[PDB]
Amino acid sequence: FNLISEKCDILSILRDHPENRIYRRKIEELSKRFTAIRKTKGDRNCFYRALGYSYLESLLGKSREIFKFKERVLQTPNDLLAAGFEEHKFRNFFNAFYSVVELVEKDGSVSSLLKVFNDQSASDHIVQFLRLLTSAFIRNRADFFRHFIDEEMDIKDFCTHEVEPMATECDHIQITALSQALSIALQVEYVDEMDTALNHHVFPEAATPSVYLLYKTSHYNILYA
């Protein structure tokens, strides 16, 4: 369980910041709304790895939701081709993601899904797929990302340097783009060391979340309501 842990009690993370007044306060507050947490490895890939695992776990046993998600995943090669990616270069990554969606359908256990996401090879193939899809979706909607995020940013360079490579840290743009690309609604809880309110953001603004994440160190862990 070196990439995604077993589930633990929310207060078990007090030991990560002992004798830190503000962290203890915010984690005690968080424990009033959430019951459990999984930790993720802090290797620069944890946003992609955590969102992929938590969303697929939320689909287990839901036959209509699985059918609709598979239908969207089967169209994602078209997104990649429209952005200029070549099939022979994304095939191995697409195939790995499609395989784990079929596991959700056919096997349906938490145990088997957690084993794939802790297999360094399968899990890193899945992460690389999600990074190419994120880049494709931004490139195909460049005017949207300039209008609503940052009129001055260089979209092609940003995707090349901060989205596609393994181990590159995320910001708000990648979260928004992958949420929209796969129709995943997620809520992020923000825990920093300032004497401020524990707060959160939903992606997209209006939606009922399927996934909850805890953000603290440039790091994302998985929460359970």
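Only the largest set of C-alpha atoms that superpose within 1.5 Å between the two forms is called the rigid core. Start at 1 and count along the sequence shown; that's the residue number.
18-26 against 211-219 - segment lying farther from this form in 7 other deposited structures of this protein (CA RMS, rigid core fit)
Stretch with the higher C-alpha RMS distance in 7 other deposited structures of this protein: 211-219.
When the C-alpha temperature factors are averaged for each of 107-115 and 142-150, which stretch ends up with the higher value in the entry?
The stretch with the larger average C-alpha B-factor is 142-150.
Once you work out the mean C-alpha B-factor for both 26-34 and 48-56 from the entry, which is higher?
In the deposited entry, the stretch with the higher C-alpha B-factor mean is 26-34.
Which of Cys170, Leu186, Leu178, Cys159 ranks first by CA B-factor in the deposited coordinates:
Within the set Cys170, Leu186, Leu178, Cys159, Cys170 shows the top C-alpha B-factor.
Ranked C-alpha temperature factor of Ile66 among modelled chain residues, by third:
Within its chain, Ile66 is a middle-third residue by C-alpha B-factor, going by the deposited values.
Which third of the chain does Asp192 land in by C-alpha B-factor: lowest, middle or highest?
As the PDB entry reports it, the C-alpha B-factor of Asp192 lands in the highest third of its chain.
Lowest, middle or highest third: which one holds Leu223 when the chain's residues are ordered by CA B-factor from the entry?
CA B-factor rank for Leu223: middle third.
Taking the C-alpha B-factors as the PDB entry records them, is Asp124 in the lowest, middle or highest third of its chain?
Lowest third of the chain for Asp124's C-alpha B-factor.
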